[PDB]
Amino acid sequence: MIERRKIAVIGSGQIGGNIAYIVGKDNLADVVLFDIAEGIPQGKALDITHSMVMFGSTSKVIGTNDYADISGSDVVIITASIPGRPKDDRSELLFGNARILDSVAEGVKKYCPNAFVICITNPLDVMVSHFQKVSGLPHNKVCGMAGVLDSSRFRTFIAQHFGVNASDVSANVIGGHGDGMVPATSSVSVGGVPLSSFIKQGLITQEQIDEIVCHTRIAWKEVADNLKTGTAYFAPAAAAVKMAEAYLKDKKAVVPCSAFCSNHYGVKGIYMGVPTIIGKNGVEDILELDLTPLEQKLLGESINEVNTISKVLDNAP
């Protein structure tokens, strides 16, 4: 018969609460806000529940500390993390958050092993790989939100330069969600017009493109330094919801995200940011961009960065 869609949000902090808010507002699914901290998810769920009638949504949103409540979830979005913002690298959270995901993996494997898992917890790419390993869930049913956020920033900065609608900018960021991420300028277009043409027309310079690439890479610090007590959470929540939409509505949407890449980009099995097709069977395919030799090299360096952090985790305390 018909059953309501169900999204479980593991971690009801800044990002987690926003996901429930937006999911409830859109009436995409029922939401289960999970957290180990007492009160937090219950208070947020009640608050969000009062807003549902205002939004004309019948989504049910509840708070809990019981993994039994995530039973039958179609999608699980993992935001759970140790406290304290990274000082200057997402990898500072590696050891703690790895242990958290061990716990989350057991809850998911027990109560909703057929769920599509979207990881957000940093260090993103290594956390996704660690989760798939420990949970044993199929590779196509486990991925990480990152590329949608990085590319959205990349697109937005390009859009803000030209003064155009950012939806009409096509632009991807690939590789690991770190300093090594690769905003692929070579495949950027604005309504079909490539950046090379705008350079010739004198409407953008290569230095401005380089500033935009740098800005994209360091964007997390710009937001964090202004917020003071945490990291970005409005956009990361929105990005996760877009990914959830792609799965639940079987969109076959092109989603840059951390997925298990084995026969593309010259890698033989690793979680990293790539353009994917997402539908009812999770990550259904990976697209291969035309990268320049410089971009292929930068990707290689990003791959090394992911492997480095991955090897550190293997030799953790």
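For every residue, the number given is its place in the sequence shown, counted from 1. Rigid core here is just the name for the largest C-alpha set that superposes within 1.5 Å across the two forms.
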{"item": "More shifted region, core-based fit in 4 other deposited structures of this protein, 165-173 vs 196-204 by CA", "value": "196-204"}
{"item": "Stretch with larger C-alpha RMS deviation in 4 other deposited structures of this protein, core superposed, 93-101 versus 146-154", "value": "93-101"}
{"item": "Of 302-310 and 20-28, the one with larger mean CA B-factor", "value": "302-310"}
{"item": "286-294 or 51-59, whichever carries the higher mean Cα B-factor", "value": "286-294"}
{"item": "Highest recorded Cα temperature factor - choice among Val76, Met243, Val134, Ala237", "value": "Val134"}
{"item": "Third assignment of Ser186 from its chain's C-alpha B-factors", "value": "highest"}
{"item": "Among modelled residues of the same chain, the CA temperature factor third for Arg155", "value": "lowest"}
{"item": "B-factor third for the C-alpha atom of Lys280 within its chain", "value": "middle"}
{"item": "CA B-factor ranking of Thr229, expressed as a third of its chain", "value": "highest"}
{"item": "Assigned third (lowest, middle, highest) for the C-alpha B factor of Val104", "value": "middle"}
